[PDB]
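Chains as they are written, first to last, in the entry's author numbering: chain F, 395 to 450; chain R, 1 to 169; chain P, 1 to 157, 200 to 507.
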């Protein structure tokens, strides 16, 4: 910002710690979140077909 | 005095239906015994089933599912239910429950063959209705309906690992 | 050093005065608060759509399962979950000839095709319910997939809207008929595949959610109330105010504002806010001139008086834009001295992505970040332990709330909008980011903007969702 004056931005972000929290299960719930991605896929869609056929 | 309703079913392929039926029974007034909400980890299993079957079980409910007719445990519970129904000399002790259409009527175990298995396949509301009216026409002692006990049980067991905890994160 | 305060997960009432947190499990365990005697389904479409709908309804009659009940619970059957009866008999069916579809296909511009098809469905429904003696509570429009695909607004071979269901509900609004449009591929995905040979509308694992949503929409449009809110104070009125703008060409959009109102239950009484030719689309700052502001406030107060007989003690206003001084001054003097008026703005464009140090888990839903007395954050999206999954996708993003005018507790409005986020009816999800007063806002604005020719829309909700 200046030939003599420089502005320092920290490279680590500001942290927030939470009083309440949750349990930590196994990795199956991330697979179920991928199934939730599929939920958002198969719920609704709009003008997907032409770009889908353009990708091959 | 015996008033408890025993439900015999396979696990874990019949968790949801047994849970729903037990919750509806316990909220409707009848006292229901099921291994989902009573038989938990760290305790002995078989002695409690035998004692409650031949001491305080008034009606026996066996699920004649596809996997509920070949497991050893359900067959053994059916055998002791047959023994206690022979001792009690009541043919209405065992009320079979059929929930799967893919299991034909001729492939069931034998104690379900003689008794007409209840209908729970295409729908559940009328099945519960005929189970209820058969119960009250068989004169099972009852308590007034209250879902508060059902609500307390549902908050007790089915919310043990699915709740937020008080830890620093 | 600031922390993130916690707001408890709000509760929804159920049958026999029972309190739960999940709508699906609470419905499966208890059911609706009020019972209806029975519904009668009506269908319009081809005979292929008729048999597809019949197959899907009898499948819904059976108890259908999913992968696991932890996230997506199983469907115990419509009768066992609602206490109402669904049957494949006494169903009124009206056929649409595919030859007429072929005749309408070869038109040049798809807009007139959309208009003629929409009007054909509309007057078919009007003729059907104006002659048939059999009452039809909900009409099921089974639109074909190729109609939804090849007759899109930008498909390549003014107040009327190019969207099918928008115009459908807009021109069906003037006769009080609860209708619900069903896409064919949604309930005919078994025989529907893509060009590669796969179902792009796949529900090989997730059809239980489809059954849940369809069943609860059918019960809600019938007339019965599935669930309501637990605690509502004696004299608090929510006013979710729409501030969605259309892009209506040289026609003066100005302010296409509408308003939702929750007072004692989940009942929404939407009264049509004015089109208001003042402040032409060059002036689109949503600054309500005093006469329309006091008219809308009088509408809300009269609805509250009709439904409650008592003057409300506090008015909650939900919107998404900033509020200027003169609009609130117009909002003030009409209100009595005893009541209180407060305005809340909800926005998404503010970025705040809270990440997690260890593991691969998102922010648990319910965290509240308070910046000042006025401004605050609420994490309505993310992980919820009752689901054992995240409702959000990738990283959740919160809704930046800010009270403009009036004195109120910030945690009070935080928990109140958290309770308001649970009342979604068209989709039986656990919760959504925007509150349902703002979730229904854009859709009901799209419904109302598709037909200027009406003057007194019904204030119910069955003819909208």
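Where a beta carbon is used, it is the ideal one built from N, C-alpha and C, also for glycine.
Sequence-distant residues of its chain with Cβ nearer than 6 Å to residue i (five each side left out)
i	result
residue 316 (chain P)	334
residue 40 (chain R)	none
residue 345 (chain P)	311
Spatial neighbours of residue i in its chain, beta-carbon cut-off 8 Å, leaving aside the 5 residues before and after
i	result
residue 368 (chain P)	329, 332
residue 90 (chain P)	40, 134
residue 250 (chain P)	64, 65, 66, 72, 73, 74, 75
residue 117 (chain R)	64, 96, 97, 98, 105, 108
residue 113 (chain P)	104, 105, 107, 151
residue 406 (chain P)	421, 424, 425, 426, 427
residue 306 (chain P)	274, 349, 350
Residue i classed as buried or exposed, judged by whether at least 16 other C-beta atoms fall within 10 angstroms
i	result
residue 257 (chain P)	buried
residue 284 (chain P)	buried
residue 434 (chain F)	exposed
residue 480 (chain P)	buried
residue 123 (chain R)	buried
residue 61 (chain R)	buried
residue 364 (chain P)	exposed
residue 95 (chain P)	exposed
residue 99 (chain R)	buried
residue 45 (chain R)	exposed
residue 97 (chain P)	exposed
residue 122 (chain P)	buried
residue 415 (chain F)	buried
residue 297 (chain P)	buried
residue 145 (chain R)	exposed
residue 505 (chain P)	buried
residue 430 (chain F)	buried
residue 14 (chain P)	buried
residue 259 (chain P)	buried
residue 295 (chain P)	buried
Contacts around residue i, its chain only, beta-carbon distance under 7 Å, and the 5 residues preceding and following it disregarded
i	result
residue 24 (chain P)	73, 254, 470
residue 11 (chain P)	19, 20, 21, 272
residue 16 (chain P)	30
residue 115 (chain R)	94, 96
residue 88 (chain P)	54, 57, 58
residue 406 (chain F)	none
residue 366 (chain P)	329
residue 34 (chain R)	7, 18, 22
Check whether residue i and residue j have beta carbons under 7 Å apart
i	j	result
residue 430 (chain P)	residue 162 (chain R)	yes
residue 280 (chain P)	residue 358 (chain P)	yes
residue 110 (chain P)	residue 151 (chain P)	yes
residue 278 (chain P)	residue 356 (chain P)	yes
residue 151 (chain R)	residue 109 (chain R)	no
residue 442 (chain P)	residue 392 (chain P)	yes
residue 209 (chain P)	residue 492 (chain P)	yes
residue 64 (chain R)	residue 14 (chain R)	no
residue 463 (chain P)	residue 473 (chain P)	yes
residue 501 (chain P)	residue 386 (chain P)	no
residue 216 (chain P)	residue 496 (chain P)	yes
residue 326 (chain P)	residue 270 (chain P)	no
residue 499 (chain P)	residue 267 (chain P)	no
residue 410 (chain P)	residue 423 (chain P)	no
residue 127 (chain R)	residue 133 (chain R)	no
residue 372 (chain P)	residue 336 (chain P)	yes
residue 286 (chain P)	residue 370 (chain P)	no
residue 227 (chain P)	residue 234 (chain P)	yes
Supposed contact pair residue j and residue i - C-beta distance, whole angstroms, cut 8 Å
i	j	result
residue 262 (chain P)	residue 82 (chain P)	Their Cβ separation, rounded to whole angstroms, is 10 Å, which puts residue 262 (chain P) and residue 82 (chain P) out of contact at 8 Å.
residue 52 (chain R)	residue 17 (chain R)	That belief does not hold up - the Cβ atoms of residue 52 (chain R) and residue 17 (chain R) are roughly 21 Å apart, past 8 Å.
residue 79 (chain R)	residue 80 (chain P)	With a Cβ gap of about 31 Å, residue 79 (chain R) and residue 80 (chain P) do not count as contacting.
residue 432 (chain F)	residue 248 (chain P)	6 Å
Checklist entry - Mind listing which residues of the stretch 158 to 169 of chain R have their C-beta closer than 7 Å to chain F's C-betas, in chain order? => result Within the stretch 158 to 169 of chain R, the residues whose Cβ lies closer than 7 Å to any Cβ of chain F are, in chain order, 161, 164, 165, 166, 167, 168, 169.
Checklist entry - Along the stretch 126 to 154 of chain R, what residues have a CB closer than 9 Å to any CB found in chain P? => result Residues passing the 9 Å Cβ filter: 126, 127, 128, 145, 146, 147, 148, 150, 151, 154.
Next on the checklist: Closer than 7 Å between beta carbons: that is the criterion. Which residues of the stretch 20 to 45 of chain R meet it against chain P?
Outcome noted: Per Cβ criterion, the list reads 20, 23.
Next on the checklist: Give me the subset of the stretch 397 to 431 of chain F whose CB atoms are less than 9 Å from a CB atom of chain R, sorted by chain position.
Outcome noted: Here the close residues are 411, 412, 413, 414, 415, 416, 417, 419.
Next on the checklist: Output needed in chain order: residues of the stretch 240 to 256 of chain P with a Cβ under 7 Å from some Cβ in chain F.
Outcome noted: Residues 243, 244, 245, 247, 248, 251.
Item to check | Contact set between the stretch 26 to 45 of chain P and chain R, restricted to residues whose Cβ is under 8 Å from the partner | outcome: Flagged, chain order: 28, 29, 30.
Checklist entry - When you check each C-beta in the stretch 55 to 74 of chain R against every C-beta of chain P, which residues fall closer than 9 Å? => result Cβ contacts with chain P: none found.
Item to check | Positions along the stretch 334 to 360 of chain P whose CB lies within less than 8 Å of some CB in chain F | outcome: Cβ contacts with chain F come from no residue of the stretch 334 to 360 of chain P.
Item to check | Where the stretch 49 to 64 of chain P meets chain R: residues whose CB sits under 7 Å from a CB there | outcome: Close to chain R, meaning a Cβ-Cβ distance shorter than 7 Å, are the following residues of the stretch 49 to 64 of chain P: 61, 62, 63.
Checklist entry - Of the residues that make up the stretch 104 to 123 of chain R, which ones have a beta carbon closer than 7 Å to any beta carbon in chain P? => result Of all residues in the stretch 104 to 123 of chain R, 122, 123 have a Cβ within less than 7 Å of some Cβ in chain P.
Next on the checklist: Please identify, using Cβ separations under 8 Å, the residues of the stretch 78 to 89 of chain P that lie next to chain R, in order along the chain.
Outcome noted: The stretch 78 to 89 of chain P vs chain R, Cβ under 8 Å: 79, 80, 83.
Checklist entry - Taking Cβ-Cβ distances below 7 Å as the criterion, which residues of the stretch 425 to 442 of chain P are in contact with chain R? => result Taking 7 Å as the upper bound on Cβ-Cβ separation, chain R lies near residues 427, 428, 430 of the stretch 425 to 442 of chain P.
Checklist entry - Listed in chain order, which residues of the stretch 6 to 18 of chain R have Cβ atoms closer than 9 Å to some Cβ of chain P? => result So the close ones are 15, 16, 17.
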